[PDB]
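Residue numbers (the authors' numbering), protein chains in the order written: chain F, 11 to 45; chain T, 1 to 32; chain E, 3 to 84; chain V, 27 to 163; chain A, 10 to 344; chain D, 13 to 352; chain C, 27 to 473.
Beta carbons: idealized from backbone N, C-alpha and C, even for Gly.
Accompanying notes for the structure given below.
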Amino acid sequence: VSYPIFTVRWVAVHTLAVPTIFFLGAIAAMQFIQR
Amino acid sequence: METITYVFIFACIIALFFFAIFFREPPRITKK
Amino acid sequence: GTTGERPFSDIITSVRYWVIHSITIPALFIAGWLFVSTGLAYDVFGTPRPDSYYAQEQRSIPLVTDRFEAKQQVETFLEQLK
Amino acid sequence: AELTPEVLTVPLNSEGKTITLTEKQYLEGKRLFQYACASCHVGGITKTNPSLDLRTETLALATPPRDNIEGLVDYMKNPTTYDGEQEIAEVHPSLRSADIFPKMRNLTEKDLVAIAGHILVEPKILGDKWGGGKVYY
Amino acid sequence: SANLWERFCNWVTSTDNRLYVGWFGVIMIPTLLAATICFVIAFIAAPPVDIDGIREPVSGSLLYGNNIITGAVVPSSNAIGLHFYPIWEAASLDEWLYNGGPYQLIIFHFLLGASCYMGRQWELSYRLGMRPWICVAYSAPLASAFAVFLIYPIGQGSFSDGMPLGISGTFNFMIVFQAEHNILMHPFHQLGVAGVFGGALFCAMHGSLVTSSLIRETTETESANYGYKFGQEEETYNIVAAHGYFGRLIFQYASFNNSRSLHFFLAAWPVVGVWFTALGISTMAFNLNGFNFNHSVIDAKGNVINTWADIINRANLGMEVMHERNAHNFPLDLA
Amino acid sequence: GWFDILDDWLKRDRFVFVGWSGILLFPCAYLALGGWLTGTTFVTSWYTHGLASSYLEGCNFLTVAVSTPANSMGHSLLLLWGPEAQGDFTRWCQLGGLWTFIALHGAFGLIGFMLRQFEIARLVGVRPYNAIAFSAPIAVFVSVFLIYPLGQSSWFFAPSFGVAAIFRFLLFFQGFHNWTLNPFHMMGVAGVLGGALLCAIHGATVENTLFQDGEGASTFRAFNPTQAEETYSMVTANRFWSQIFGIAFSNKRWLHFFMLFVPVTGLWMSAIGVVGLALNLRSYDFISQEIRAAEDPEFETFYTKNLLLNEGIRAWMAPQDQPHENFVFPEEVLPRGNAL
Amino acid sequence: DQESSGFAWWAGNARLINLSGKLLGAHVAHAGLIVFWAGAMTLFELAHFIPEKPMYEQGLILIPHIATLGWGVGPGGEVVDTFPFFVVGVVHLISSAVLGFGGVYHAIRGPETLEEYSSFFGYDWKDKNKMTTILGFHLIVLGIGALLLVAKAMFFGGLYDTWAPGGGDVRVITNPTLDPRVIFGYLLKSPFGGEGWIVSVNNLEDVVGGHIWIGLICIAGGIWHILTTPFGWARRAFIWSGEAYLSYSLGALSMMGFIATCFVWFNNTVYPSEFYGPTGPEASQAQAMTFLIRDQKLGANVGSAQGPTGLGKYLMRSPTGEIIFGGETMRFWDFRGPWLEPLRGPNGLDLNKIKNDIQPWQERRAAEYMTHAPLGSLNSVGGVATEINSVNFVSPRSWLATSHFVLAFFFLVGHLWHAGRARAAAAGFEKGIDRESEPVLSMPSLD
Ligand code: CLA
Ligand code: CLA
Ligand code: CLA
Ligand code: CLA
Ligand code: CLA
Ligand code: CLA
Ligand SMILES: CC1=C(/C=C/C(C)=C/C=C/C(C)=C/C=C/C=C(C)/C=C/C=C(C)/C=C/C2=C(C)CCCC2(C)C)C(C)(C)CCC1
Ligand SMILES: CC1=C(/C=C/C(C)=C/C=C/C(C)=C/C=C/C=C(C)/C=C/C=C(C)/C=C/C2=C(C)CCCC2(C)C)C(C)(C)CCC1
Ligand code: OEX
Ligand SMILES: [Cl-]
Ligand SMILES: [Fe+2]
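Below you can see the structure in the form of structure tokens.
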């Protein structure tokens, strides 16, 4: 079949995927903070 | 008075248990 | 049992996907990392740094005590080098 | 709100003279305090004798005075009762009893000074917490 | 007579009994009857019990000032500990009732019978040619009773610390437990509520989905239940219409279409979750408690920055500090 | 008409069904989950509770939380553009603005979600017994996260969104409300525990009364997705439980409705009890018990024991749990048993 | 060879029920994993091991197992030479490669079945003769092993005896209790408070002696099963299938798993408090000791001291009259220990020995065990759930006991599961009720 690319599913998936990794990167950096 | 009331209800539940088990509606197959 | 969307299996398997996402996925990661490591996150959410919970001597808590003049009261708490 | 060298300035001896520890000594002391003290002296108390704590004030009214580096260090070698009228090295960890308390074998004079410093720095930071027990947890 | 014993074995094993008294039943029925009779009599008329062995009798029976909610059967004395205390171990019944004698008689008989009850749930399944493993599902609630009535007392070194047989007495067991073990901060317990919440969730899930996708065979003013006859050939609900709905609620592949894969999950989730919660009490019976994040996060100077974990600790202290007033003589609670 | 064209698009069968409900559901639901995940990692609770509550401060998955606003706020909606935050975002965060954000948004998210159930059911043409059931989780959220603090002094005494922050909410209700002694709560657990039993027992019953529809041992494949005959022997199941338990089902339609009733009814009862706790109309005591306990120093029940535990909880927790009260409890006034 | 047309993927290992060859590879590859762990872990423990520091404060569970056998230790459990630890570790780790080799080989190269490639090693589950024979083989192998312990104890060095006359030390046992009345007496002992059944063993003489009996009896039954077949009843009672045999061994391990849990938690002898931590009762006993010691030095008369309840602050009586420690520790009046026994008299704790025979080594022993009770958190924070972070510690007795209970339990489930299937497999309905011939439909209605 000739499937499309940008779809409603694509949008949804990205609304969760994009912030997640951005957070996973942020939290990963926190593991080195100290005092 | 209170003790009596508590045991009474309890005795009533146990009585129910009996009738529920041995005096139920016979579960009939297909032709029901 | 099917709809318009392109079967995930194909996409997660397609070389084109990875050619894209080998760039995109790490990019967001490094971005989130920088968001913290540059101390920006601290200012965006007013979260105190390890050396910004109390004043040097003070051992009291900066508890907000009134709703309307809260924002003003909060700023006053940052004043005392907190 | 940080561990300044202003905080790490603790009395060295009875004659008012003081000493200034370093963030390296503190951490090292804190670690050593966990290694050979925390077992019974967790959070400045004394599990096997709650009547005597590690409060600076309590150490001050000790006999001899144990509210300074020199005091504590001596104690860690030859410990005594609160009046000092009796040596208790046999039932208390010390250098002259390292055969009985293996943990004290490794410990060298550098370690002793660090541990001593830790006991004096903690109340400066924690305050009432360091002295009291579950009440202040 | 073909043979008395042979007939006897045939009556026991008989699948034509109203209640299947099995071989496990031969042990179950007497033990359960002893347990329940002693319980009922105790709960009503038993005298106060010195649970903590400190000569401080706790009355938990109706006739002695209690009601259903407060009333309970008080655990054996702490002076007895893990010692075996049958009736024939006491100078008199008066002494036996004072030292929490009934408690042991009940829990031992119950746990024994309740175990045989599981064994019977296999036997009947065997005699009826159906698959076993139903008893395996019952192993989870049973393992909890075992953990609460036997494992924890063994670990703690006394039956006086086993869960009391009553409403309020059960609340006491929990509050104190939380203080000494911080059970809320333990993974196994968390898995427990996960199974229990999930259970109730899924029970409502399945329940609703099925009953909502019933094939119409009833009148507008007639009970929708009558649209089913005991002993049907075909199904009474459209599982394909059910899957169609739930498949659209979330998304297709996150929805069941296999009734067998469904009911397995329906059974697996709660049983496994409760299994862990049973292992939780059994693990914390040897003082392997929940996470201790007290005074974890501290600031740059060393000051203690509190968390919700600390707020929990304060509540825990209050329970610890106040439980069993006159029972303690020494600083540490190690027993 | 544009409407029916808008409808057409929305009600299109996609991978993730949108629908009219989706216009309400997805925005809120996403912001609610997002707001939590945001605060969980970044925003603090220092200025509101004197607490660290984020990964950024050092909290872990258990100790993290989106804490309630200060008691000063009252029942304020705490709008970003409201008199408190005054458009400021950073201030808004520090005043616990994210709590009312998550709460109110999530609340509408639960409204949209049930609407989705209603909307999808109608389309598929199935009965809305999935929407009726979902009312129980609604009542709980409404009663606990909204109604309860609305009866108290402020949002501050509502359950904070977080693992540990919920555990103290439990212990609080014990210490202060004696929540376990409440009949409505008892019905609650009776429904959940009994519901978690029905779930277990029914699944196990079915899997172990199945017919043989295949030649393999893994009987999972041997199921007919297209209805036809019953996949498990309902008749055998009946006789089983009738002999081991004495009572047994014999009407799948009732059995499954029962699986709906029990857990939904329970949560509803637990809701009412909480609604009463808002006005502090709790089930704390038994007057008959206290009166004898006063006159008679030798009368002791497991009920009296528990109340002593409550006094300890209240006394030792209140100071750091209610900062706004500036509590100061001298060591000598703290209720304590012996030695401990 | 084997795929979906036999079992499901998540039940894969059940496809090997009738593949003796490959089914041997598994057991040999698996056995390598056990040797691998034992080896690699010992070296891991040693690599972190600190000599001048208690073993229980270092999270050791294998090195203290070696210490018990009299290896690398001396007076009072003092660690002398760490070489035997290193050896036991590396030797195992090596043997894991050897076993692992055969495991891999038999599972992917060697004959997929054994019956043809060797009629001696090949077997049939229903072959009651081969089964009891293979069982007979292992019954001897285990039997010799039981004597391997006896040898180490009597000849090759001995064991660590905490009850040692001059104080805990490695002692050569040269007088094993062989009296059957005494030995088998333990089996007739109660499992409750006081009479402690098997766990109540309190001297190495019985330990070594008991193992002598077990060693002989095991090999004796080993020979018996080689040269025989199951009787009449033995055949009409059990189920004879590959799964059935598994189930029997599953419940067996489960039972042993529970016994081991109570052993490491209660027993003092075969689990030395010098290498492991102090047992639960021991630590609570120590606290009573400690403060009895303290306050007495302050001039308090412990004998007549009256506590809050009026029961006896420091000393009270047991239900049978013996003088015991006071407080909540009344539940642990069944505790026996080297440090405490010299204070005990013919009627329990002697007030005279308590008054002036208290030794310094006992006071600090009590203090030690008191501040090292088996109390801790999952994240390893020693003390009560309300304690503060500082002392990173959780008694090895706690780790072992909890771990082995979970395993023991799940194995009891594994038992029920595999025994329930075997009964249904044999009779032949483990795959569903026969649609045609439905048994229930042939039984009269009880209604
Ligand atoms: C449909 C989805 C939806 C819904 C129902 C809500 C609902 C809400 N949001 Mg919200 N939000 C959404 C999507 C949604 N949001 C999205 C997608 C975002 C991301 C941009 C946000 C971001 C967001 C933030 C950042 C905040 C909210 C907040 C709020 C709450 C208060 C807002 C308020 O006062 O409403 C006002 C209601 C209206 C404006 C509706 C008016 C409709 C009429 C018909 C239009 C009339 C206009 C006309 C000029 C009037 C003329 C009259 C004349 C006299 C002048 C409320 C629960 C606040 C909150 O949670 O506080 C704690 C808050 O601070 N929202
Ligand atoms: C001596 C021990 C032993 C042996 C030899 C077997 C042998 C067998 N079992 Mg088994 N079983 C045992 C103990 C044992 N069992 C115990 C104690 C239980 C109770 C839990 C079970 C429960 C059980 C079930 C429920 C089933 C079997 C089945 C089987 C058969 C197929 C094997 C299989 O499914 O592998 C497949 C193996 C897996 C899918 C791996 C499972 C992984 C586990 C669940 C997780 C372990 C957690 C781990 C410690 C954490 C690691 C962390 C991770 C991040 C790395 C096979 C004959 C199956 C069968 O066909 O029955 C005859 C079957 O359905 N067993
Ligand atoms: C103790 C763990 C263990 C062991 C020993 C085995 C052993 C076995 N399984 Mg198995 N299995 C296990 C766990 C285990 N399983 C678990 C947990 C699951 C669930 C996921 C399964 C699921 C499963 C299925 C579904 C099947 C098996 C099968 C088999 C058998 C054939 C293996 C095969 O196909 O080779 C294939 C081998 C390879 C593809 C290469 C793997 C590389 C090797 C084996 C490992 C090397 C080890 C090490 C790194 C090398 C050291 C070398 C050194 C000594 C020099 C074999 C006896 C099959 C069977 O029934 O046999 C016909 C089969 O169909 N298993
Ligand atoms: C089973 C026996 C056993 C026992 C009693 C111990 C005991 C110990 N180990 Mg150890 N270990 C074991 C097996 C065991 N280990 C194995 C098999 C391995 C190989 C992976 C290791 C590897 C290992 C290392 C690398 C280290 C230890 C350490 C330690 C010590 C510290 C304990 C700790 O912090 O763990 C805490 C561990 C946990 C809290 C994890 C609990 C995991 C549970 C069991 C998961 C259960 C979930 C369940 C399976 C989910 C399945 C359900 C699903 C199917 C639905 C302690 C003495 C440490 C040490 O010596 O330092 C002092 C250390 O560094 N162990
Ligand atoms: C559970 C253990 C076990 C068992 C039952 C078998 C069984 C078998 N193996 Mg074998 N094997 C094993 C472990 C085992 N293996 C290990 C660990 C390895 C890796 C080194 C191998 C490597 C291996 C190879 C490479 C081959 C076999 C083969 C065979 C088969 C032919 C018999 C044979 O070679 O023996 C012949 C040897 C003897 C009869 C005598 C050996 C005695 C040894 C030297 C002493 C063992 C001492 C022992 C540890 C202590 C016991 C004494 C105690 C009672 C006091 C047979 C089915 C062959 C095969 O596939 O043929 C079908 C084959 O080519 N095996
Ligand atoms: C683990 C090793 C092992 C295993 C698996 C077996 C397995 C078997 N043996 Mg056995 N045996 C062994 C070791 C072993 N033996 C040893 C070491 C000896 C030497 C003493 C013997 C001597 C022996 C004889 C003399 C006979 C067997 C027989 C049998 C077979 C039937 C067993 C049976 O029906 O018992 C079922 C047991 C009962 C119905 C009795 C139950 C009552 C028990 C004992 C008491 C309650 C147990 C309780 C829960 C545990 C508490 C402990 C207790 C001390 C208080 C079976 C294949 C018989 C056979 O068929 O001959 C080939 C037979 O006549 N065995
Ligand atoms: C607030 C706010 C907002 C919002 C925002 C958002 C919306 C965000 C989002 C966010 C997000 C959305 C985030 C996410 C995150 C995520 C994460 C971070 C995750 C993680 C994960 C993990 C970690 C995992 C884990 C696991 C599990 C769970 C299971 C098992 C396994 C594992 C381990 C894997 C706005 C702007 C509108 C406005 C203003 C305010
Ligand atoms: C069958 C199968 C399987 C399994 C497998 C197995 C189980 C294996 C095993 C394996 C093994 C079991 C292996 C072993 C190995 C070992 C080794 C190889 C060793 C080595 C050693 C050495 C080398 C030593 C040396 C040393 C020393 C002495 C010290 C120092 C250091 C060192 C370490 C170096 C699986 C599941 C996967 C899959 C399916 C099939
Ligand atoms: O009992 Mn109930 O409470 Ca388990 O802990 Mn110790 O003993 Mn008593 O004290 Mn706490
Ligand atoms: Cl209490
Ligand atoms: Fe169902």
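Distance cut-off 8 angstroms: residue i Cβ against heavy atoms of ligand 9
{"i": "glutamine 165(A)", "result": "yes"}
Presumed contact (8 angstroms Cβ cut-off) between residue i and residue j, rounded CB distance
{"i": "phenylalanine 33(A)", "j": "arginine 129(A)", "result": "4 angstroms"}
{"i": "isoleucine 160(A)", "j": "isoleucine 60(A)", "result": "At roughly 19 angstroms, the Cβ-Cβ gap does not stay under 8 angstroms, so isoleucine 160(A) and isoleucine 60(A) are not in contact."}
{"i": "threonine 316(A)", "j": "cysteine 71(D)", "result": "6 angstroms"}
{"i": "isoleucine 151(V)", "j": "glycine 109(A)", "result": "Going by Cβ atoms, the distance from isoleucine 151(V) to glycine 109(A) rounds to 49 angstroms, so no, they are not a contact pair."}
Neighbourhood of residue i by C-beta distance below 8 angstroms, restricted to the same chain and skipping five residues each side
{"i": "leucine 58(V)", "result": "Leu133, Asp137, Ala140, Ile141 and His144"}
{"i": "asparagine 39(C)", "result": "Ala52"}
{"i": "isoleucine 114(V)", "result": "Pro105, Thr106 and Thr107"}
{"i": "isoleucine 259(D)", "result": "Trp253"}
{"i": "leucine 72(C)", "result": "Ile89, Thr108, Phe111, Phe112 and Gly115"}
Proximity test, residue i beta-carbon vs ligand 3 heavy atom, cut-off 8 angstroms
{"i": "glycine 126(C)", "result": "yes"}
Cβ pair residue i, residue j closer than 9 angstroms
{"i": "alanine 203(A)", "j": "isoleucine 115(A)", "result": "no"}
{"i": "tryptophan 167(D)", "j": "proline 64(E)", "result": "no"}
{"i": "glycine 90(A)", "j": "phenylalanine 358(C)", "result": "yes"}
Near ligand 8: residue i beta-carbon under 8 angstroms from a heavy atom
{"i": "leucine 72(C)", "result": "no"}
{"i": "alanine 123(C)", "result": "yes"}
Contacts around residue i, its chain only, beta-carbon distance under 6 angstroms, and the 5 residues preceding and following it disregarded
{"i": "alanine 177(D)", "result": "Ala77"}
{"i": "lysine 56(V)", "result": "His144"}
beta-carbon residue i near ligand 2 non-hydrogen atom, thresh 8 angstroms
{"i": "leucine 223(A)", "result": "no"}
{"i": "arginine 447(C)", "result": "yes"}
Contact set for residue i: own chain, Cβ-Cβ below 7 angstroms, skip 5 residues either direction
{"i": "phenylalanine 341(D)", "result": "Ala327 and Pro331"}
Cβ-heavy atom distance, residue i to ligand 1, below 8 angstroms
{"i": "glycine 109(D)", "result": "yes"}
Check: residue i C-beta below 8 angstroms from any heavy atom of ligand 7
{"i": "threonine 30(F)", "result": "yes"}
Distance cut-off 8 angstroms: residue i Cβ against heavy atoms of ligand 6
{"i": "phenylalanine 285(A)", "result": "no"}
{"i": "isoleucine 256(D)", "result": "no"}
Check: residue i C-beta below 8 angstroms from any heavy atom of ligand 4
{"i": "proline 422(C)", "result": "yes"}
Chain-ordered list of residues that sit, by beta carbon, closer than 7 angstroms to a heavy atom of ligand 10 = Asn181(A), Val185(A), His332(A), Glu333(A), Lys317(D), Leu320(D) and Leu321(D)
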